[PDB]
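Fold and contact review
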Amino acid sequence: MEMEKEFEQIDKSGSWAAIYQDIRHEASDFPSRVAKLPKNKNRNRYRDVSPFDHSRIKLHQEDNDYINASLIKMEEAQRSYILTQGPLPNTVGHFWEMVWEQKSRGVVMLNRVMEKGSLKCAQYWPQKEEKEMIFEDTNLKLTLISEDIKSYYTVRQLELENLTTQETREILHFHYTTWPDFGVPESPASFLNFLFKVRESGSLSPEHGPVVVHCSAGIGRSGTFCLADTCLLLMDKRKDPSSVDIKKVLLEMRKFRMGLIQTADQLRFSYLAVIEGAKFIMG
Ligand SMILES: Nc1ccccc1Nc1nc2ccccc2[nH]1
(Lines give C-alpha, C1' and ligand atoms only; values in the text may rest on other atoms or scores of the structure.)
Protein backbone atom coordinates (compact mmCIF):
# COMPACT_ATOMS: atom_id res chain seq x y z
CA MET A 1 0.00 0.00 0.00
CA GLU A 2 1.00 3.66 -0.28
CA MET A 3 2.28 5.32 2.89
CA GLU A 4 -0.10 8.18 3.77
CA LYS A 5 -3.23 6.05 3.38
CA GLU A 6 -1.74 2.99 5.02
CA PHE A 7 -1.04 5.50 7.82
CA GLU A 8 -4.65 6.66 8.25
CA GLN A 9 -5.80 3.03 8.00
CA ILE A 10 -3.58 2.04 10.95
CA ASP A 11 -4.71 5.08 12.95
CA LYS A 12 -8.41 4.41 12.37
CA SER A 13 -7.96 0.71 13.18
CA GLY A 14 -5.62 1.39 16.13
CA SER A 15 -3.22 -1.40 15.14
CA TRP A 16 0.23 0.22 15.55
CA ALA A 17 1.22 -2.27 18.26
CA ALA A 18 0.39 -5.21 15.99
CA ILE A 19 2.28 -3.77 13.01
CA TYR A 20 5.31 -3.11 15.22
CA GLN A 21 5.23 -6.62 16.74
CA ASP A 22 5.22 -8.12 13.22
CA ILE A 23 8.44 -6.22 12.47
CA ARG A 24 10.00 -7.54 15.70
CA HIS A 25 9.04 -11.11 14.73
CA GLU A 26 10.48 -10.88 11.19
CA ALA A 27 13.72 -9.07 12.14
CA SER A 28 17.10 -10.73 11.51
CA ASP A 29 18.99 -12.57 14.25
CA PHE A 30 22.77 -12.74 13.75
CA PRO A 31 25.52 -13.56 16.28
CA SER A 32 27.11 -10.90 18.53
CA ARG A 33 29.83 -13.07 20.11
CA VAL A 34 32.55 -10.40 20.38
CA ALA A 35 30.20 -8.03 22.28
CA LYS A 36 29.54 -10.72 24.90
CA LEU A 37 33.16 -11.61 25.73
CA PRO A 38 33.86 -10.92 29.44
CA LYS A 39 36.65 -8.44 28.67
CA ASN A 40 34.09 -6.20 26.92
CA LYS A 41 31.47 -5.94 29.70
CA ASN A 42 32.38 -2.38 30.66
CA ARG A 43 32.27 -1.36 26.97
CA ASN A 44 28.48 -1.94 26.67
CA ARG A 45 25.86 0.37 28.19
CA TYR A 46 22.98 -2.14 27.98
CA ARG A 47 23.31 -5.91 28.15
CA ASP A 48 20.52 -6.43 25.57
CA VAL A 49 21.86 -4.00 22.89
CA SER A 50 24.90 -5.37 21.02
CA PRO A 51 26.39 -5.00 17.53
CA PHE A 52 26.28 -8.02 15.22
CA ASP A 53 29.71 -9.52 14.48
CA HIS A 54 29.31 -9.22 10.69
CA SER A 55 28.67 -5.43 10.70
CA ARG A 56 30.51 -4.18 13.83
CA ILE A 57 33.08 -1.37 13.51
CA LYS A 58 36.59 -2.53 14.44
CA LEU A 59 39.06 -0.22 16.15
CA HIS A 60 42.55 -0.26 14.56
CA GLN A 61 44.16 -1.69 17.67
CA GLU A 62 45.66 -5.12 18.32
CA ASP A 63 44.89 -5.30 22.05
CA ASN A 64 41.10 -4.88 21.93
CA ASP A 65 39.30 -3.78 18.77
CA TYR A 66 35.80 -3.68 20.28
CA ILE A 67 33.31 -0.78 20.30
CA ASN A 68 29.50 -0.97 20.47
CA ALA A 69 28.94 0.44 16.95
CA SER A 70 27.50 -0.91 13.65
CA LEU A 71 27.87 -0.04 9.92
CA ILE A 72 24.43 0.29 8.24
CA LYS A 73 25.15 0.14 4.46
CA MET A 74 22.09 0.97 2.30
CA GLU A 75 22.88 -0.29 -1.21
CA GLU A 76 20.04 1.16 -3.33
CA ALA A 77 20.01 4.52 -1.55
CA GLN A 78 23.84 4.75 -1.69
CA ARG A 79 24.07 5.95 1.93
CA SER A 80 26.01 4.56 4.91
CA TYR A 81 25.66 5.34 8.62
CA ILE A 82 27.49 4.26 11.76
CA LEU A 83 25.04 3.80 14.65
CA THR A 84 26.55 3.67 18.15
CA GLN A 85 25.61 3.97 21.83
CA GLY A 86 26.25 7.15 23.81
CA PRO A 87 29.87 6.98 24.98
CA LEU A 88 30.66 5.68 28.51
CA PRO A 89 33.32 7.14 30.83
CA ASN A 90 35.72 4.37 29.76
CA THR A 91 34.92 4.56 26.00
CA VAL A 92 35.18 8.30 25.11
CA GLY A 93 38.68 7.75 23.71
CA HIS A 94 37.48 4.75 21.66
CA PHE A 95 34.60 6.88 20.28
CA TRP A 96 36.93 9.58 18.90
CA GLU A 97 39.39 6.91 17.64
CA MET A 98 36.50 5.52 15.53
CA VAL A 99 35.58 8.97 14.20
CA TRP A 100 39.22 9.45 13.13
CA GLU A 101 39.77 5.99 11.64
CA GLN A 102 36.48 5.92 9.69
CA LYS A 103 37.08 9.46 8.23
CA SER A 104 33.70 10.77 9.43
CA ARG A 105 32.89 14.46 8.97
CA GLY A 106 29.86 14.69 11.27
CA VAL A 107 28.54 13.36 14.58
CA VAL A 108 24.74 13.40 15.15
CA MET A 109 23.59 13.38 18.83
CA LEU A 110 19.87 12.91 19.58
CA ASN A 111 19.85 12.87 23.42
CA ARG A 112 20.75 15.18 26.30
CA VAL A 113 23.61 14.20 28.64
CA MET A 114 21.06 14.02 31.50
CA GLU A 115 17.46 12.86 30.93
CA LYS A 116 14.88 11.66 33.48
CA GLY A 117 17.37 12.62 36.23
CA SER A 118 20.02 10.07 35.12
CA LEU A 119 23.13 10.20 32.93
CA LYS A 120 22.45 8.98 29.38
CA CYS A 121 26.01 9.50 28.06
CA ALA A 122 29.37 10.96 29.07
CA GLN A 123 30.26 14.64 28.50
CA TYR A 124 32.50 13.65 25.59
CA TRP A 125 33.22 17.05 23.97
CA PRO A 126 34.64 20.31 25.42
CA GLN A 127 32.27 23.07 26.50
CA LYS A 128 34.76 26.00 26.39
CA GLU A 129 37.25 27.02 23.68
CA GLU A 130 40.14 27.43 26.14
CA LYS A 131 39.58 24.04 27.90
CA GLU A 132 40.46 21.34 25.36
CA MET A 133 40.27 17.57 26.01
CA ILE A 134 43.10 15.04 25.69
CA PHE A 135 42.33 11.31 25.39
CA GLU A 136 45.55 9.65 26.52
CA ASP A 137 44.54 6.05 25.81
CA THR A 138 44.07 6.77 22.06
CA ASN A 139 46.40 9.82 21.70
CA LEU A 140 43.86 12.37 20.42
CA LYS A 141 43.20 16.02 21.23
CA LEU A 142 39.79 17.66 20.83
CA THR A 143 39.11 21.44 20.79
CA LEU A 144 35.87 23.44 20.64
CA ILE A 145 36.18 25.95 17.74
CA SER A 146 32.68 27.53 17.69
CA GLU A 147 29.12 26.85 18.87
CA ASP A 148 25.76 28.00 17.42
CA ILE A 149 22.76 27.50 19.76
CA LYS A 150 19.30 27.51 18.15
CA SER A 151 15.87 26.81 19.60
CA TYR A 152 15.71 23.08 18.75
CA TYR A 153 19.35 22.13 18.11
CA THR A 154 22.96 23.27 18.49
CA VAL A 155 25.78 22.98 15.90
CA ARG A 156 29.41 22.89 17.01
CA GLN A 157 32.68 23.04 15.08
CA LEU A 158 35.36 20.82 16.66
CA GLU A 159 39.05 20.20 15.81
CA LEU A 160 40.33 16.64 16.23
CA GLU A 161 44.11 16.19 16.26
CA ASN A 162 45.92 12.87 15.97
CA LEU A 163 48.82 13.51 18.35
CA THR A 164 50.92 10.68 16.83
CA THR A 165 51.04 12.35 13.37
CA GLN A 166 50.02 15.98 14.15
CA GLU A 167 47.32 15.74 11.46
CA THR A 168 44.14 17.73 12.19
CA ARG A 169 40.54 17.54 10.92
CA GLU A 170 37.38 19.58 11.31
CA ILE A 171 34.39 17.64 12.75
CA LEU A 172 30.82 18.98 12.83
CA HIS A 173 28.66 18.13 15.92
CA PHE A 174 24.88 18.26 15.25
CA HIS A 175 22.99 18.10 18.58
CA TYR A 176 19.19 17.77 18.59
CA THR A 177 18.35 19.08 22.06
CA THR A 178 14.53 18.99 22.30
CA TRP A 179 13.40 15.32 22.03
CA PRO A 180 11.03 14.91 25.03
CA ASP A 181 12.05 12.81 28.05
CA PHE A 182 8.96 10.59 27.42
CA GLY A 183 7.31 9.67 24.12
CA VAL A 184 7.99 11.30 20.72
CA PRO A 185 7.57 14.88 19.40
CA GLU A 186 4.04 15.98 18.56
CA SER A 187 5.09 17.36 15.14
CA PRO A 188 8.03 16.14 12.99
CA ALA A 189 8.78 19.65 11.71
CA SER A 190 11.78 20.44 13.91
CA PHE A 191 13.29 16.94 13.47
CA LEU A 192 13.01 17.28 9.67
CA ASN A 193 14.55 20.78 9.74
CA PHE A 194 17.43 19.25 11.74
CA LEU A 195 17.88 16.39 9.23
CA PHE A 196 18.04 18.93 6.39
CA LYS A 197 20.73 20.92 8.26
CA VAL A 198 22.84 17.74 8.61
CA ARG A 199 22.38 17.05 4.88
CA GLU A 200 23.32 20.60 3.86
CA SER A 201 26.63 20.35 5.76
CA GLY A 202 28.06 17.55 3.56
CA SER A 203 28.26 15.14 6.50
CA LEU A 204 26.08 12.50 4.77
CA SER A 205 27.79 12.66 1.38
CA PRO A 206 30.03 10.06 -0.31
CA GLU A 207 33.16 12.26 -0.25
CA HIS A 208 33.38 11.57 3.52
CA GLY A 209 33.34 8.50 5.77
CA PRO A 210 29.95 7.54 7.25
CA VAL A 211 28.24 9.92 9.66
CA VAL A 212 28.31 8.75 13.32
CA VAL A 213 24.82 8.87 14.91
CA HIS A 214 23.94 8.11 18.53
CA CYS A 215 21.38 8.46 21.29
CA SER A 216 21.64 6.54 24.60
CA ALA A 217 21.46 2.94 23.24
CA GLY A 218 21.91 3.83 19.55
CA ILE A 219 18.77 2.06 18.23
CA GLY A 220 15.64 4.15 18.92
CA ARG A 221 15.91 7.86 18.07
CA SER A 222 19.03 6.93 16.04
CA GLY A 223 16.99 4.45 14.00
CA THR A 224 14.32 7.09 13.35
CA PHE A 225 16.97 9.46 11.92
CA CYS A 226 18.49 7.03 9.38
CA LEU A 227 15.13 5.46 8.45
CA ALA A 228 13.61 8.85 7.59
CA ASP A 229 16.71 9.97 5.66
CA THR A 230 16.93 6.78 3.54
CA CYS A 231 13.19 6.67 2.77
CA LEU A 232 13.18 10.30 1.56
CA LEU A 233 16.28 9.70 -0.63
CA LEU A 234 14.65 6.64 -2.26
CA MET A 235 11.53 8.70 -3.02
CA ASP A 236 13.75 11.13 -4.98
CA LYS A 237 15.64 8.38 -6.83
CA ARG A 238 12.80 6.08 -8.02
CA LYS A 239 10.41 6.59 -10.94
CA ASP A 240 7.50 5.68 -8.64
CA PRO A 241 7.92 7.26 -5.17
CA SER A 242 4.79 5.49 -3.84
CA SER A 243 6.68 2.20 -4.14
CA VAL A 244 8.87 3.06 -1.11
CA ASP A 245 7.83 0.70 1.73
CA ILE A 246 9.00 2.00 5.11
CA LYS A 247 8.53 -1.39 6.81
CA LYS A 248 10.73 -3.10 4.19
CA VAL A 249 13.41 -0.41 4.53
CA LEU A 250 13.38 -0.84 8.33
CA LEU A 251 13.76 -4.61 8.06
CA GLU A 252 16.72 -4.10 5.67
CA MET A 253 18.36 -1.77 8.21
CA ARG A 254 17.77 -4.36 10.98
CA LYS A 255 20.04 -6.75 9.07
CA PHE A 256 22.91 -4.48 10.27
CA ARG A 257 21.91 -3.52 13.87
CA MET A 258 19.33 -5.06 16.20
CA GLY A 259 16.34 -3.26 17.66
CA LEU A 260 16.09 -0.19 15.40
CA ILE A 261 12.87 1.65 16.35
CA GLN A 262 12.12 0.74 19.98
CA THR A 263 8.36 1.43 20.29
CA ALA A 264 5.19 1.59 18.21
CA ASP A 265 5.11 5.35 18.90
CA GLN A 266 8.56 5.69 17.32
CA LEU A 267 7.28 3.71 14.31
CA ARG A 268 4.27 6.01 13.89
CA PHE A 269 6.54 9.06 14.27
CA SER A 270 8.84 7.72 11.51
CA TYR A 271 5.87 7.42 9.12
CA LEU A 272 4.75 10.95 10.01
CA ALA A 273 8.22 12.35 9.36
CA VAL A 274 8.56 10.70 5.94
CA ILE A 275 5.03 11.77 4.92
CA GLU A 276 5.52 15.43 5.80
CA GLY A 277 9.04 15.50 4.51
CA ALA A 278 8.00 14.25 1.07
CA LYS A 279 5.77 17.31 0.58
CA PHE A 280 8.47 19.80 1.40
CA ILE A 281 11.02 18.24 -0.92
CA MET A 282 8.91 19.21 -3.94
CA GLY A 283 4.99 21.02 -4.62
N1 LIG B 1 11.23 10.29 -8.27
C2 LIG B 1 10.46 11.06 -9.07
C3 LIG B 1 9.79 10.43 -10.18
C4 LIG B 1 9.07 11.18 -11.01
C5 LIG B 1 8.99 12.49 -10.81
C6 LIG B 1 9.62 13.09 -9.77
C7 LIG B 1 10.40 12.36 -8.87
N8 LIG B 1 11.06 12.93 -7.76
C9 LIG B 1 10.52 12.82 -6.51
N10 LIG B 1 11.20 13.13 -5.42
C11 LIG B 1 10.34 12.90 -4.38
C12 LIG B 1 10.52 13.05 -3.01
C13 LIG B 1 9.45 12.76 -2.17
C14 LIG B 1 8.28 12.34 -2.65
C15 LIG B 1 8.11 12.19 -4.01
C16 LIG B 1 9.19 12.49 -4.88
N17 LIG B 1 9.31 12.41 -6.25
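Residues numbered from 1 in each chain as written, not as in the entry; some residues may be left out. Heavy atoms only, no water.

Method of determination for the deposited model, per the PDB record: X-ray crystallography, at 1.7120 Å resolution.

**Considerations on the overall build of the protein**
The following threshold applies: Per the convention used, a helix needs a DSSP run of H or I reaching at least four residues, while a strand needs a run of E reaching at least two, with both numbered from the N terminus. Within these notes, the globule rule equals 2.2 Å times the number of residues to the 0.38 power, and the radius of gyration is based on C-alpha atoms. A simple rule labels every residue: compare its accessible area, found with a 1.4 Å probe on the protein chains alone, to the largest value its type can have, and call it buried under 20%, exposed over 50%, or partly exposed in between. Every accessible area reported is derived by Shrake-Rupley at a probe size of 1.4 Å, with residue values counting cover from the shown protein chains alone. Positive charges are assigned to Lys and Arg, negative charges to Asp and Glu, while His and the chain termini are left out of the count. A charged residue contributes its charge at one atom only: NZ of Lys, CZ of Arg, CG of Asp or CD of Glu.
Summing up its helical and strand segments, the protein has 7 helices and 11 strands in all. Taking 283 residues into account, the globule formula puts the C-alpha radius of gyration at 19 Å, and the protein, at 19 Å, falls close to it. Within the protein, buried positions represent 52% of all 283 residues. Surface exposure of the protein reaches about 13,900 Å², of which carbon and sulfur atoms provide 49%. On the protein, the mean spot of the 38 positive side-chain charges and the mean spot of the 40 negative ones are 3 Å from each other.

**Focus: the UniProt feature "active site" in the protein**
Selection criterion: UniProt positions are given in the numbering used here, feature names are shortened, and annotations may be inferred rather than shown by experiment.
Those places that UniProt annotates as "active site" correspond, in this numbering, to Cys215. Tracing the backbone through its elements, the reader meets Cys215 in the loop between strand 11 (211-214) and helix 5 (221-237). Classification of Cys215 as buried rests on a relative accessible area of 4%.

**Quick word on the UniProt feature "binding site: substrate" in the protein**
Put simply, the test is: Should any heavy atoms of two residues lie within 4.5 Å, those residues are counted as being in contact.
The sites that carry the UniProt feature "binding site: substrate" are, in the present numbering, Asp181, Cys215, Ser216, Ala217, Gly218, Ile219, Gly220, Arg221 and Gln262. Along the polypeptide, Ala217 turns up in the loop between strand 11 and helix 5. When residues no more than four places from it in sequence are discounted, the contact partners of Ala217 are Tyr46, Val49, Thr84, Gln85 and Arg257. Inspection of the secondary structure puts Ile219 in the loop between strand 11 and helix 5. Discounting chain neighbours no more than four positions away, the residues touching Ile219 are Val49, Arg257, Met258, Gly259, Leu260, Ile261 and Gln262.

**Let's talk about the packing of helix 4 (residues 189-200) against helix 5**
Put simply, the rule is: In this analysis, axes come from line fits to C-alpha atoms, helices being fitted only over the stretch in contact, and the angle between any two N-to-C directions falls in the range 0 to 180 degrees. Any angle that is under 35 degrees is reported as roughly parallel, and any over 145 degrees as roughly antiparallel; angles of 65 to 115 degrees are reported as roughly perpendicular and all others as oblique. Residue polarity follows a fixed list, in which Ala, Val, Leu, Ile, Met, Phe, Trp, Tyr, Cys and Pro are nonpolar, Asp, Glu, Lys and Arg are charged, and the others, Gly among them, are polar.
Taken N-terminus to C-terminus, the directions of helix 4 and helix 5 make an angle of 70°; their axes are 11 Å apart at the nearest point. With respect to helix 5, the axis of helix 4 lies roughly perpendicular. Touching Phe191, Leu192, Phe194, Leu195, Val198 and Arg199 of helix 4 are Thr224, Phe225, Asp229, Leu232 and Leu233, all from helix 5. Here the contact of helix 4 with helix 5 is built from residues that sort into 8 nonpolar, 1 polar and 2 charged.

**Topic: helix 1 (residues 3-13)**
In an α-helix, one turn spans 3.6 residues, which is why side chains three or four residues apart end up on the same side. Worth spelling out the cut-off: Working definition: the arc comes from the directions between the helix axis and the C-beta atoms, pointing outward to the latter.
Burial in helix 1 covers these residues: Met3, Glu6, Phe7 and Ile10. Buried residues of helix 1 fall within an arc of 105° about the axis and therefore sit on the same side. Away from its buried face by more than 90 degrees, helix 1 exposes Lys5 and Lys12. Elements that come into contact with the buried residues of helix 1 comprise helix 2 (16-26), helix 5, helix 6 (246-253) and helix 7 (264-281). Where helix 1 terminates, the next one or two residues include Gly14, which has phi positive at roughly 55°.

**Digging into the pattern of salt bridges**
Rules: The rule for a salt bridge is simple: a side-chain nitrogen of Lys or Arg has to be within 4 Å of a carboxyl oxygen of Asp or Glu.
Counted by the stated rule, this structure contains 18 salt bridges. We note a salt bridge from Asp11 to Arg268, for which the minimum N-O separation is 3.0 Å. One end of the pair, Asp11, is in helix 1; the other, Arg268, is in helix 7, and 257 residues separate them in sequence. Its relative accessible area of 33% is what places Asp11 among the partly exposed residues. Notably, a salt bridge pairs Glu161 with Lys141, separated by 3.7 Å at the nearest N-O pair. Taken together, the positions of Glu161 in strand 9 (residues 153-162) and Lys141 in strand 8 (residues 140-149) put the pair 20 residues apart, joining distant regions of the chain. Each member of the salt-bridge network shares a partner with another, and the members are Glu6, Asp245, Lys247 and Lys248.

**Some words on the site of the ligand**
The criterion, for reference: A cutoff of 4 Å decides nearness: a residue is near a molecule or strand if any of its heavy atoms lies inside that distance of it. Here a polar contact is recorded for every N or O atom pair within 3.5 Å, except that within protein the pair must consist of a potential hydrogen donor and a potential acceptor, and residues adjacent in sequence are included only if both atoms are side-chain atoms.
What surrounds the ligand is the set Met235, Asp236, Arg238, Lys239, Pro241, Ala278, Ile281 and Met282. Interatomic distance of 3.2 Å between a backbone N/O atom of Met235 and a nitrogen atom of the ligand. Between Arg238 and the ligand, the recorded distance is 2.4 Å, taken from a backbone N or O atom to a nitrogen atom. Within the shell around the ligand, the residues separate by chemical class into 5 nonpolar, no polar and 3 charged.

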